[PDB]
file upload.cif (mmCIF, C-alpha atoms)
data_my_file
loop_
_atom_site.group_PDB
_atom_site.id
_atom_site.type_symbol
_atom_site.label_atom_id
_atom_site.label_comp_id
_atom_site.auth_asym_id
_atom_site.auth_seq_id
_atom_site.Cartn_x
_atom_site.Cartn_y
_atom_site.Cartn_z
ATOM 1 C CA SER Y 1047 -29.172 10.730 -9.937
ATOM 2 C CA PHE Y 1048 -25.741 9.202 -9.076
ATOM 3 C CA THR Y 1049 -23.394 10.594 -11.817
ATOM 4 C CA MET Y 1050 -22.164 14.244 -11.548
ATOM 5 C CA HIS Y 1051 -18.432 14.349 -12.607
ATOM 6 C CA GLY Y 1052 -16.143 13.168 -15.480
ATOM 7 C CA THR Y 1053 -14.438 9.719 -15.461
ATOM 8 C CA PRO Y 1054 -10.594 9.193 -15.510
ATOM 9 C CA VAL Y 1055 -8.500 6.734 -17.648
ATOM 10 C CA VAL Y 1056 -5.104 4.957 -17.224
ATOM 11 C CA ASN Y 1057 -2.884 6.730 -19.784
ATOM 12 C CA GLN Y 1058 0.783 5.501 -19.476
ATOM 13 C CA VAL Y 1059 2.495 2.740 -17.389
ATOM 14 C CA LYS Y 1060 6.320 2.334 -17.354
ATOM 15 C CA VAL Y 1061 8.837 -0.015 -15.638
ATOM 16 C CA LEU Y 1062 11.520 1.321 -13.213
ATOM 17 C CA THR Y 1063 13.488 -1.885 -12.214
ATOM 18 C CA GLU Y 1064 15.167 -4.832 -14.082
ATOM 19 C CA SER Y 1065 14.144 -8.544 -13.591
ATOM 20 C CA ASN Y 1066 16.619 -8.879 -10.601
ATOM 21 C CA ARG Y 1067 13.911 -8.826 -7.794
ATOM 22 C CA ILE Y 1068 10.749 -8.779 -10.012
ATOM 23 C CA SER Y 1069 10.221 -8.900 -13.839
ATOM 24 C CA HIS Y 1070 8.008 -6.504 -15.929
ATOM 25 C CA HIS Y 1071 5.132 -9.058 -16.515
ATOM 26 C CA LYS Y 1072 4.981 -10.111 -12.813
ATOM 27 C CA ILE Y 1073 4.877 -6.378 -11.827
ATOM 28 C CA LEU Y 1074 1.997 -5.746 -14.338
ATOM 29 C CA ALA Y 1075 0.069 -8.670 -12.762
ATOM 30 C CA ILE Y 1076 0.460 -7.631 -9.052
ATOM 31 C CA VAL Y 1077 -0.359 -3.936 -9.877
ATOM 32 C CA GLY Y 1078 -3.546 -5.036 -11.713
ATOM 33 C CA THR Y 1079 -4.767 -7.869 -9.408
ATOM 34 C CA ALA Y 1080 -4.364 -5.639 -6.284
ATOM 35 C CA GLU Y 1081 -7.297 -3.535 -7.710
ATOM 36 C CA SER Y 1082 -9.516 -6.694 -7.996
ATOM 37 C CA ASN Y 1083 -10.656 -5.269 -4.576
ATOM 38 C CA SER Y 1084 -13.763 -2.983 -4.089
ATOM 39 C CA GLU Y 1085 -12.139 0.505 -4.006
ATOM 40 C CA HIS Y 1086 -12.961 2.976 -6.870
ATOM 41 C CA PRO Y 1087 -13.966 3.100 -10.630
ATOM 42 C CA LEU Y 1088 -10.180 3.343 -11.353
ATOM 43 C CA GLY Y 1089 -9.665 -0.168 -9.874
ATOM 44 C CA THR Y 1090 -12.100 -1.621 -12.447
ATOM 45 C CA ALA Y 1091 -10.278 0.494 -15.130
ATOM 46 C CA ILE Y 1092 -6.772 -0.834 -14.062
ATOM 47 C CA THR Y 1093 -7.933 -4.482 -13.881
ATOM 48 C CA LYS Y 1094 -9.689 -4.089 -17.313
ATOM 49 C CA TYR Y 1095 -6.498 -2.591 -18.910
ATOM 50 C CA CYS Y 1096 -4.174 -5.199 -17.299
ATOM 51 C CA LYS Y 1097 -6.315 -8.365 -17.939
ATOM 52 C CA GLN Y 1098 -6.684 -7.324 -21.637
ATOM 53 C CA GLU Y 1099 -2.837 -6.782 -21.863
ATOM 54 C CA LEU Y 1100 -2.419 -10.280 -20.236
ATOM 55 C CA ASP Y 1101 -5.104 -11.637 -22.643
ATOM 56 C CA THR Y 1102 -6.225 -14.160 -19.951
ATOM 57 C CA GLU Y 1103 -8.936 -14.391 -17.232
ATOM 58 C CA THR Y 1104 -6.391 -16.318 -15.046
ATOM 59 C CA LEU Y 1105 -5.862 -13.825 -12.196
ATOM 60 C CA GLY Y 1106 -7.058 -13.021 -8.635
ATOM 61 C CA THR Y 1107 -4.766 -12.707 -5.561
ATOM 62 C CA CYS Y 1108 -5.459 -12.266 -1.800
ATOM 63 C CA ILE Y 1109 -4.368 -8.788 -0.536
ATOM 64 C CA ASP Y 1110 -3.838 -7.236 2.942
ATOM 65 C CA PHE Y 1111 -5.032 -3.854 1.542
ATOM 66 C CA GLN Y 1112 -4.289 -0.715 3.719
ATOM 67 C CA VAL Y 1113 -5.201 2.867 2.527
ATOM 68 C CA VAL Y 1114 -4.114 6.500 3.257
ATOM 69 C CA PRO Y 1115 -5.789 9.424 1.321
ATOM 70 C CA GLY Y 1116 -3.541 11.910 -0.564
ATOM 71 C CA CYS Y 1117 -0.483 9.575 -0.067
ATOM 72 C CA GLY Y 1118 -1.062 5.904 -1.161
ATOM 73 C CA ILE Y 1119 -1.741 2.149 -0.650
ATOM 74 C CA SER Y 1120 0.184 -0.735 1.048
ATOM 75 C CA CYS Y 1121 -0.600 -4.493 0.682
ATOM 76 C CA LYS Y 1122 0.616 -8.111 1.238
ATOM 77 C CA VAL Y 1123 -0.062 -10.210 -1.931
ATOM 78 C CA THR Y 1124 -0.052 -14.010 -2.564
ATOM 79 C CA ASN Y 1125 -1.409 -16.654 -5.074
ATOM 80 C CA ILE Y 1126 0.523 -15.062 -8.056
ATOM 81 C CA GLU Y 1127 1.996 -18.306 -9.543
ATOM 82 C CA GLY Y 1128 -1.078 -20.178 -8.049
ATOM 83 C CA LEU Y 1129 -3.276 -19.416 -11.171
ATOM 84 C CA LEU Y 1130 -2.685 -23.152 -11.998
ATOM 85 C CA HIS Y 1131 -4.794 -26.352 -11.954
ATOM 86 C CA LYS Y 1132 -4.789 -26.774 -8.115
ATOM 87 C CA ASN Y 1133 -3.493 -29.352 -5.596
ATOM 88 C CA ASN Y 1134 -6.971 -29.048 -3.902
ATOM 89 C CA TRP Y 1135 -10.527 -30.092 -5.070
ATOM 90 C CA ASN Y 1136 -11.981 -26.653 -6.069
ATOM 91 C CA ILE Y 1137 -14.621 -26.692 -3.238
ATOM 92 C CA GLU Y 1138 -15.351 -22.943 -2.774
ATOM 93 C CA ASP Y 1139 -19.209 -22.850 -2.378
ATOM 94 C CA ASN Y 1140 -19.914 -25.846 -0.025
ATOM 95 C CA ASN Y 1141 -21.333 -24.642 3.359
ATOM 96 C CA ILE Y 1142 -23.699 -26.001 6.122
ATOM 97 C CA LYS Y 1143 -25.944 -23.073 7.313
ATOM 98 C CA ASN Y 1144 -27.861 -25.255 9.855
ATOM 99 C CA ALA Y 1145 -30.901 -22.947 10.362
ATOM 100 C CA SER Y 1146 -33.614 -23.036 13.092
ATOM 101 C CA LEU Y 1147 -37.196 -21.723 13.749
ATOM 102 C CA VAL Y 1148 -40.080 -20.598 11.463
ATOM 103 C CA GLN Y 1149 -43.063 -18.561 12.868
ATOM 104 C CA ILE Y 1150 -46.414 -16.920 11.896
ATOM 105 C CA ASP Y 1151 -45.950 -14.237 14.656
ATOM 106 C CA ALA Y 1152 -42.694 -13.048 12.864
ATOM 107 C CA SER Y 1153 -44.289 -12.520 9.351
ATOM 108 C CA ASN Y 1154 -41.470 -13.822 7.001
ATOM 109 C CA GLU Y 1155 -38.769 -11.678 5.199
ATOM 110 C CA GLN Y 1156 -35.796 -12.207 7.634
ATOM 111 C CA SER Y 1157 -31.972 -12.094 7.022
ATOM 112 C CA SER Y 1158 -31.426 -15.942 6.926
ATOM 113 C CA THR Y 1159 -28.381 -17.380 8.812
ATOM 114 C CA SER Y 1160 -24.901 -18.338 7.505
ATOM 115 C CA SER Y 1161 -22.344 -20.906 8.843
ATOM 116 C CA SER Y 1162 -19.071 -22.585 7.651
ATOM 117 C CA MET Y 1163 -16.059 -20.770 6.106
ATOM 118 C CA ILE Y 1164 -13.503 -21.487 3.272
ATOM 119 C CA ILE Y 1165 -10.972 -22.921 5.839
ATOM 120 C CA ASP Y 1166 -7.946 -25.241 5.114
ATOM 121 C CA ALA Y 1167 -8.715 -25.019 1.315
ATOM 122 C CA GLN Y 1168 -5.605 -23.015 0.214
ATOM 123 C CA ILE Y 1169 -3.036 -24.683 2.570
ATOM 124 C CA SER Y 1170 -2.290 -27.573 0.127
ATOM 125 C CA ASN Y 1171 -1.875 -25.086 -2.813
ATOM 126 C CA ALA Y 1172 -0.209 -21.906 -1.349
ATOM 127 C CA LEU Y 1173 3.318 -23.478 -1.616
ATOM 128 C CA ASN Y 1174 3.083 -22.815 -5.432
ATOM 129 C CA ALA Y 1175 3.667 -18.977 -5.113
ATOM 130 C CA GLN Y 1176 5.931 -16.361 -3.498
ATOM 131 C CA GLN Y 1177 4.383 -13.817 -1.081
ATOM 132 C CA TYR Y 1178 5.192 -10.088 -1.705
ATOM 133 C CA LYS Y 1179 4.842 -6.703 0.147
ATOM 134 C CA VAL Y 1180 3.724 -4.018 -2.399
ATOM 135 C CA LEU Y 1181 3.213 -0.216 -2.069
ATOM 136 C CA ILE Y 1182 1.646 2.359 -4.488
ATOM 137 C CA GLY Y 1183 1.737 6.171 -3.909
ATOM 138 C CA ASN Y 1184 2.962 9.630 -5.019
ATOM 139 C CA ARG Y 1185 6.693 10.686 -5.256
ATOM 140 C CA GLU Y 1186 6.223 12.587 -1.915
ATOM 141 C CA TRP Y 1187 5.173 9.375 -0.021
ATOM 142 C CA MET Y 1188 7.830 7.156 -1.729
ATOM 143 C CA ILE Y 1189 10.731 9.334 -0.407
ATOM 144 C CA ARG Y 1190 9.055 9.197 3.091
ATOM 145 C CA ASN Y 1191 8.891 5.338 2.867
ATOM 146 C CA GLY Y 1192 12.768 5.356 2.725
ATOM 147 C CA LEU Y 1193 13.047 4.940 -1.109
ATOM 148 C CA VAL Y 1194 14.842 7.294 -3.603
ATOM 149 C CA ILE Y 1195 13.634 8.667 -6.992
ATOM 150 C CA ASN Y 1196 15.658 9.454 -10.163
ATOM 151 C CA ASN Y 1197 15.648 12.996 -11.690
ATOM 152 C CA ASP Y 1198 14.663 11.934 -15.278
ATOM 153 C CA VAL Y 1199 11.306 10.445 -14.096
ATOM 154 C CA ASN Y 1200 10.878 13.109 -11.320
ATOM 155 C CA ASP Y 1201 10.635 15.823 -14.049
ATOM 156 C CA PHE Y 1202 8.022 13.821 -16.060
ATOM 157 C CA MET Y 1203 5.959 13.274 -12.854
ATOM 158 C CA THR Y 1204 6.299 16.986 -11.817
ATOM 159 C CA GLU Y 1205 5.117 18.070 -15.296
ATOM 160 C CA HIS Y 1206 2.164 15.579 -15.128
ATOM 161 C CA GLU Y 1207 0.921 16.881 -11.731
ATOM 162 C CA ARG Y 1208 1.412 20.481 -13.133
ATOM 163 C CA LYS Y 1209 -0.897 19.286 -16.008
ATOM 164 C CA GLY Y 1210 -3.548 18.581 -13.277
ATOM 165 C CA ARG Y 1211 -3.545 14.729 -13.746
ATOM 166 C CA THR Y 1212 -2.890 12.017 -11.081
ATOM 167 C CA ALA Y 1213 0.610 10.406 -10.823
ATOM 168 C CA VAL Y 1214 2.026 7.513 -8.646
ATOM 169 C CA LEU Y 1215 5.018 5.121 -8.256
ATOM 170 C CA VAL Y 1216 5.029 1.343 -7.535
ATOM 171 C CA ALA Y 1217 7.481 -0.350 -5.102
ATOM 172 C CA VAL Y 1218 8.045 -3.924 -3.725
ATOM 173 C CA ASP Y 1219 9.700 -4.744 -0.331
ATOM 174 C CA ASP Y 1220 11.871 -1.536 -0.274
ATOM 175 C CA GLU Y 1221 12.750 -1.552 -4.061
ATOM 176 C CA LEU Y 1222 11.477 0.801 -6.837
ATOM 177 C CA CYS Y 1223 9.595 -1.096 -9.603
ATOM 178 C CA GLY Y 1224 7.348 1.188 -11.792
ATOM 179 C CA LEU Y 1225 5.225 4.321 -12.429
ATOM 180 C CA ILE Y 1226 1.539 4.948 -13.368
ATOM 181 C CA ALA Y 1227 0.162 8.109 -15.069
ATOM 182 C CA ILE Y 1228 -3.663 8.554 -14.899
ATOM 183 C CA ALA Y 1229 -5.623 11.180 -16.857
ATOM 184 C CA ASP Y 1230 -8.161 13.232 -14.879
ATOM 185 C CA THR Y 1231 -10.701 14.249 -17.613
#

call {"tool": "encode", "arguments": {"input": "upload.cif", "output": "structure tokens"}}
result
Amino acid sequence: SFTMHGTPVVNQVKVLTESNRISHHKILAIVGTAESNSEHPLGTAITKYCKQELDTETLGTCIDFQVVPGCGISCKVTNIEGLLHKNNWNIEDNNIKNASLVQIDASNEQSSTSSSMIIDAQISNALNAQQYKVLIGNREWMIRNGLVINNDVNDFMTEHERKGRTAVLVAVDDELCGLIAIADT
């Protein structure tokens, strides 16, 4: 029923900045953990590639995820260094639903209420990590953001899109940082 088309793979990822603003490993993390969201089968494929290259389950960052089709993604990311044994008490399930009413005239099988939220919990811990603004999109949206591309990589990306496969750059707070080549197959 649900499957009809072939499934893509992440093929090559390459760095495009030195450790001056952000280092290669910290870039690999924020690129991967930004797809811990609920977007597409490629997000599961990115997170699965990245977490296996990290060789640790110790990831998962809050993201202000914004999306434009045919152009790219923009997000605000936090909790990067915060993978640690926390300053808090690890209370992430505790909630007080405080329900009311039960009837014969309503015949069971209702939605069931919810109350409480995960408030104040991160505010003791969040001082352990930097907050970053991160953007992922094609060469044509990067130059429109106010960034500039280099001709050596622009040829490789041109040739990859001519080969009918999907190609994007990564940037952080108005600096270049990497590229991603994904095989449509």

call {"tool": "resolve_selection", "arguments": {"input": "upload.cif", "expression": "the PyMOL selection byres ((chain Y and resi 1182) around 10)", "output": "number ranges by chain"}}
result
Y: 1077, 1113, 1117-1121, 1180-1181, 1183-1185, 1187-1188, 1214-1218, 1224-1226

call {"tool": "resolve_selection", "arguments": {"input": "upload.cif", "expression": "the PyMOL selection byres ((chain Y and resi 1212) around 10)", "output": "compact mmCIF listing (two decimals) with C-alpha atoms, in the frame of the given file"}}
result
# COMPACT_ATOMS: atom_id res chain seq x y z
CA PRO Y 1054 -10.59 9.19 -15.51
CA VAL Y 1056 -5.10 4.96 -17.22
CA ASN Y 1184 2.96 9.63 -5.02
CA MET Y 1203 5.96 13.27 -12.85
CA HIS Y 1206 2.16 15.58 -15.13
CA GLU Y 1207 0.92 16.88 -11.73
CA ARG Y 1208 1.41 20.48 -13.13
CA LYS Y 1209 -0.90 19.29 -16.01
CA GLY Y 1210 -3.55 18.58 -13.28
CA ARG Y 1211 -3.54 14.73 -13.75
CA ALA Y 1213 0.61 10.41 -10.82
CA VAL Y 1214 2.03 7.51 -8.65
CA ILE Y 1226 1.54 4.95 -13.37
CA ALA Y 1227 0.16 8.11 -15.07
CA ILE Y 1228 -3.66 8.55 -14.90
CA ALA Y 1229 -5.62 11.18 -16.86
CA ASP Y 1230 -8.16 13.23 -14.88

call {"tool": "residues_around", "arguments": {"input": "upload.cif", "residues": "stretch 1107-1110 of chain Y", "least_positions_apart": "3", "cutoff": "12 Å", "atoms": "all atoms listed in the file", "output": "NGL selection string"}}
result
:Y and (1075-1084 or 1104 or 1113 or 1119-1129 or 1168 or 1172 or 1175-1181)

call {"tool": "resolve_selection", "arguments": {"input": "upload.cif", "expression": "the PyMOL selection byres ((chain Y and resi 1167) around 12)", "output": "list in words"}}
result
residues 1132, 1133, 1134, 1135, 1136, 1137, 1138, 1139, 1140, 1163, 1164, 1165, 1166, 1168, 1169, 1170, 1171 and 1172 of chain Y

call {"tool": "atom_distance", "arguments": {"input": "upload.cif", "atom1": "atom CA of residue Y:1174", "atom2": "atom CA of residue Y:1131"}}
result
10.8 Å

call {"tool": "closest_residue", "arguments": {"input": "upload.cif", "among": "Y:1098, Y:1112, Y:1048, Y:1074", "to": "residue Y:1060", "atoms": "all atoms listed in the file"}}
result
Y:1074

call {"tool": "atom_distance", "arguments": {"input": "upload.cif", "atom1": "atom CA of residue Y:1094", "atom2": "atom CA of residue Y:1071"}}
result
15.7 Å

call {"tool": "decode", "arguments": {"input": "upload.cif", "residues": "stretch 1142-1219 of chain Y", "atoms": "C-alpha atoms", "output": "tab-separated table (two decimals), in the first residue's frame"}}
result
chain	number	residue	atom	x	y	z
Y	1142	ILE	CA	-0.87	15.56	37.34
Y	1143	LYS	CA	-3.75	15.02	34.80
Y	1144	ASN	CA	-6.50	15.69	37.41
Y	1145	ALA	CA	-9.45	14.11	35.51
Y	1146	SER	CA	-13.23	14.43	36.15
Y	1147	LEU	CA	-16.54	12.60	35.30
Y	1148	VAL	CA	-17.41	9.00	34.27
Y	1149	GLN	CA	-20.85	8.14	32.71
Y	1150	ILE	CA	-22.99	5.23	31.35
Y	1151	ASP	CA	-24.80	7.65	28.92
Y	1152	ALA	CA	-21.37	8.41	27.22
Y	1153	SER	CA	-20.39	4.70	26.52
Y	1154	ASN	CA	-16.57	4.74	27.27
Y	1155	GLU	CA	-13.69	5.14	24.69
Y	1156	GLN	CA	-12.94	8.92	25.13
Y	1157	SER	CA	-9.69	10.94	24.55
Y	1158	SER	CA	-8.66	11.20	28.29
Y	1159	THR	CA	-7.37	14.61	29.58
Y	1160	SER	CA	-3.77	15.87	30.02
Y	1161	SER	CA	-2.33	18.53	32.42
Y	1162	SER	CA	1.14	19.74	33.62
Y	1163	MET	CA	4.13	20.54	31.35
Y	1164	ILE	CA	7.98	20.04	31.50
Y	1165	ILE	CA	8.45	23.63	32.91
Y	1166	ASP	CA	11.52	25.03	34.81
Y	1167	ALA	CA	13.35	21.65	34.30
Y	1168	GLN	CA	16.11	22.84	31.87
Y	1169	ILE	CA	16.77	26.29	33.48
Y	1170	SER	CA	19.32	24.91	36.02
Y	1171	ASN	CA	21.16	22.95	33.22
Y	1172	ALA	CA	21.01	25.17	30.04
Y	1173	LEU	CA	24.07	27.25	31.20
Y	1174	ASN	CA	26.25	24.20	30.19
Y	1175	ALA	CA	25.92	24.84	26.36
Y	1176	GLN	CA	26.21	27.56	23.69
Y	1177	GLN	CA	23.12	28.40	21.58
Y	1178	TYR	CA	23.59	28.47	17.74
Y	1179	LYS	CA	21.65	29.67	14.61
Y	1180	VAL	CA	22.05	27.03	11.82
Y	1181	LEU	CA	20.90	26.97	8.15
Y	1182	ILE	CA	20.90	24.12	5.53
Y	1183	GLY	CA	20.05	24.64	1.81
Y	1184	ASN	CA	21.18	24.62	-1.86
Y	1185	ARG	CA	23.99	26.87	-3.32
Y	1186	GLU	CA	21.21	29.11	-4.82
Y	1187	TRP	CA	19.67	29.85	-1.35
Y	1188	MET	CA	23.09	30.27	0.40
Y	1189	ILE	CA	24.11	33.17	-1.94
Y	1190	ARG	CA	20.62	34.74	-1.28
Y	1191	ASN	CA	21.20	34.44	2.54
Y	1192	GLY	CA	24.20	36.85	2.09
Y	1193	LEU	CA	26.94	34.12	2.09
Y	1194	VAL	CA	29.55	33.40	-0.67
Y	1195	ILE	CA	30.62	30.05	-2.24
Y	1196	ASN	CA	34.06	28.96	-3.54
Y	1197	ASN	CA	34.52	27.81	-7.20
Y	1198	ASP	CA	36.24	24.44	-6.40
Y	1199	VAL	CA	33.17	23.15	-4.45
Y	1200	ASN	CA	30.68	24.99	-6.76
Y	1201	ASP	CA	31.85	22.78	-9.69
Y	1202	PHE	CA	31.47	19.54	-7.63
Y	1203	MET	CA	27.94	20.63	-6.55
Y	1204	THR	CA	26.99	21.66	-10.16
Y	1205	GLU	CA	28.18	18.25	-11.45
Y	1206	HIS	CA	26.21	16.45	-8.65
Y	1207	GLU	CA	22.90	18.23	-9.47
Y	1208	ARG	CA	23.65	17.50	-13.23
Y	1209	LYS	CA	23.93	13.81	-12.08
Y	1210	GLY	CA	20.29	14.16	-10.83
Y	1211	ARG	CA	21.15	13.78	-7.07
Y	1212	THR	CA	20.32	16.22	-4.19
Y	1213	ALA	CA	23.03	18.68	-2.95
Y	1214	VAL	CA	23.11	21.24	-0.02
Y	1215	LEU	CA	25.46	23.47	2.07
Y	1216	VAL	CA	25.55	24.00	5.87
Y	1217	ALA	CA	26.08	27.44	7.53
Y	1218	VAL	CA	26.14	28.83	11.14
Y	1219	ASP	CA	25.32	32.48	12.11
